[PDB]
Amino acid sequence: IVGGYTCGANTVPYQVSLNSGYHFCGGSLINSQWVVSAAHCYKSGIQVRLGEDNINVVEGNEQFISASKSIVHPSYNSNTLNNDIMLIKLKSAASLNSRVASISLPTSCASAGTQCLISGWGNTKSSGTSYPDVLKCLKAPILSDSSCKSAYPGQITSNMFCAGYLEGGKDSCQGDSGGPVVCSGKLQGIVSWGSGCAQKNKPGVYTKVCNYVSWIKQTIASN
Ligand SMILES: NC(=[NH2+])c1ccc2[nH]c(-c3ncccc3[O-])nc2c1
Ligand SMILES: [Ca+2]
Ligand SMILES: [Cl-]
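X-ray crystallography is the method the PDB entry states for this structure, with the resolution given as 1.46 Å.

Here is the structure:
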């Protein structure tokens, strides 16, 4: 997260860290045994870490659970990143409390101007790499579809939306991929891609979760 602030320990209880010996992506807890992340964060050997704040120190509240399976959307296209969403089922259910909690799926899509909270342990520099130990937060608005398509002509599908600041300076970045974009208490986006991080007129692009709620429900119901 570039231009963000320190969230405060466990103030984002649905945030998870995907770990394979180091933090490589974020995710969101949607029920006690399932996490939603981005399809491009897929790899084998994933351990899901819940209740984290400092990812390099065991401070208490952490729950480390291995992924039993990861389900990449069947129509995920790695070249356009269209359908960039993945579901991870945990080997055991997590103990939910006030520090580890799930986030609700939306019943409707959010509109331009909605203010959302994006969080993660990704890079904090637009020019270079500084990776934080604690969780960073950023409040950013959803942009109109015309500004998003004007910024990335021919690359935005209906399963994507832009959020951020065209002036540059505040944005999600590498390491934040797969993490949450929460607006009014509902999970509306998943950190997916962008051109560099916090560059002027190049906002972040997010997977539009309201378009996948029936797919998530049906897939969880059959697995
Ligand atoms: N500017 C952004 N909002 C952004 C967000 C997530 C990203 N993830 C990546 C990324 N970069 C290199 C390898 C994997 C990634 O997910 N770039 C990213 C850029
Ligand atoms: Ca920790
Ligand atoms: Cl277009």
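Okay, back to it.
Peer 1: Can you walk me through the pairing of strand β7 (residues 86–90) in this structure?
Peer 2: Two faces, one strand: in a regular strand the side chains alternate between the faces of the sheet. Counting buried residues in β7 gives four out of five residues, a clear majority hidden from the surface. Here strand β4 (residues 34–37) pairs with β7 via four bridges, running antiparallel. By the bridge assignment for β7, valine 36 is matched with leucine 87. Alignment of strand β6 (residues 63–72) against β7, held across five bridges, turns out to be antiparallel. Pairing of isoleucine 71 across the sheet is with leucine 87, part of β7.

Peer 1: Explanation requested: the coordination of the calcium ion (ligand 2) in the structure shown.
Peer 2: Octahedral metals with six donors have ideal donor angles of 90 or 180 degrees. Tetrahedral metals with four donors have an ideal donor angle of 109.5 degrees. At 2.2 to 2.4 Å from the calcium ion (ligand 2) lie its protein donor atoms, namely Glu52 (OE), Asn54 (O), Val57 (O) and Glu62 (OE). All donors of the calcium ion (ligand 2) come from a single chain, and their spacing in sequence reads E-x1-N-x2-V-x4-E. Judged by its relative accessible area of 39%, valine 57 is partly exposed.

Peer 1: Before we go on, may I ask you to explain the site of ligand 1 in this structure?
Peer 2: The environment of ligand 1 is made up of 13 residues, and the closest members are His40, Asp171, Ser172, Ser177 and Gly196. Here a nitrogen atom of ligand 1 sits 2.9 Å away from a polar atom, N or O, in the side chain of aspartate 171. Protein contacts shield 73% of the accessible area of ligand 1, which totals 410 Å² for the unbound molecule. Partitioned by chemical class, the residues of the shell around ligand 1 number four nonpolar, eight polar and one charged.

Peer 1: Any chance you could explain helix α2 (residues 213–221) here in plain terms?
Peer 2: Residues separated by three or four positions in an α-helix point in the same direction, a consequence of the helix having 3.6 residues per turn. When we look at burial in α2, the residues that qualify are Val213, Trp215, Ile216 and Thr219. Down the axis of α2, the buried set is contained in an arc of 160 degrees. They therefore lie on one face. Of the exposed residues in α2, the ones pointing more than 90 degrees away from its buried face are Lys217, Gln218 and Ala221. Those residues of α2 that are buried are in contact with β3 (23–31), β6 and β7.

Peer 1: I keep staring at the UniProt feature "active site" in the protein and nothing clicks. Help me out?
Peer 2: When the UniProt feature table is mapped onto this chain numbering, "active site" sits at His40, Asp84 and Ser177. Taking the farthest pair of C-alpha atoms as the criterion, the annotated set spanning 138 residues converges on one region, since that pair is 10.2 Å apart. Mapped onto the elements of the fold, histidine 40 is located in the loop between β4 and β5 (47–50). For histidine 40, the contacting residues outside a window of four places in its chain are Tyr76, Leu81, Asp84, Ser177, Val191 and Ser192. Here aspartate 84 is to be found in the loop between β6 and β7. For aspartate 84, the contacting residues outside a window of four places in its chain are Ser37, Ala38, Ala39, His40, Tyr76, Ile190, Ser192 and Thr207. Here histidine 40 takes part through its side chain, which lies 2.8 Å from a polar atom of the side chain of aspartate 84.

Peer 1: What should I look at first to understand the UniProt feature "domain: Peptidase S1" in the protein in this one?
Peer 2: UniProt tags residues 1–221 as "domain: Peptidase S1". Helix makes up 7% of residues 1–221 and strand makes up 33%, while its end C-alpha atoms are separated by 34 Å.

Peer 1: When you look at the nonpolar core in this model, what are you seeing that I'm missing?
Peer 2: Grouped burial of nonpolar side chains is what soluble globular proteins tend to show. Membership of the largest hydrophobic core comes to 42 residues, with the highest contact counts inside it found for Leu18, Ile30, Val48, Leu50, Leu87 and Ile216. Among the domains, domain 1 (1–12 + 103–210) and domain 2 (13–102 + 211–223) are the pair contributing at least three residues each to this core. With near-sequence residues (within four places) excluded, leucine 50 lies in contact with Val16, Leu29, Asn61, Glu62, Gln63, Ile65, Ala94 and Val100. Counting residues in each nonpolar core, the second largest holds 13 residues, with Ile118, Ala140, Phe161 and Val181 among its members.

The rules behind these values
- As a numbering rule, every chain is indexed from 1 in the order its sequence is written, which need not reproduce the entry's residue numbers; residues that lack coordinates are not presented.
- Labels follow written order: the first chain is A, the first ligand is 1, and so on.
- Where side-chain values are given, they derive from all heavy atoms of the structure, hydrogens and water being excluded.
- Think of it in three bands: with a 1.4 Å probe and only protein chains considered, a residue is buried below 20% of the maximum accessible area for its type, exposed above 50%, and partly exposed in between.
- Only DSSP runs of H or I with at least four residues qualify as helices, and only runs of E with at least two residues qualify as strands; both kinds are numbered from the N terminus onward.
- At least two DSSP bridges between two strands are required for those strands to pair.
- Sodium, potassium and calcium take a 3.2 Å donor cutoff, other metals 2.8 Å, and in both cases only N, O and S atoms count; water is not among them, so sites may look incomplete.
- Proximity criterion: a residue is near a molecule or strand once any of its heavy atoms comes within 4 Å of it.
- N or O atoms closer than or at 3.5 Å make up a polar contact, with two conditions inside protein: a donor-capable atom paired with an acceptor-capable one, and, for residues adjacent in sequence, both atoms drawn from side chains.
- Computed with a 1.4 Å probe, the accessible areas rest on the Shrake-Rupley method; for each residue, only the protein chains presented here act as cover.
- Any residue that is not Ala, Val, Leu, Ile, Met, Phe, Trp, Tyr, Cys, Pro, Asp, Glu, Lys or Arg is counted as polar, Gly included; the first ten are nonpolar and the last four charged.
- Here the arc refers to the set of directions running from the helix axis out to each C-beta atom.
- By the convention used here, residues are in contact when the closest approach between their heavy atoms is within 4.5 Å.
- UniProt positions are given in the numbering used here, feature names are shortened, and annotations may be inferred rather than shown by experiment.
- By nonpolar core we mean a set of buried residues, namely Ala, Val, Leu, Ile, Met, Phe, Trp, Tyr and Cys, connected to one another through side-chain atoms within 4.5 Å.
- What counts as a domain boundary in this text is fixed by an automatic or database domain assignment.

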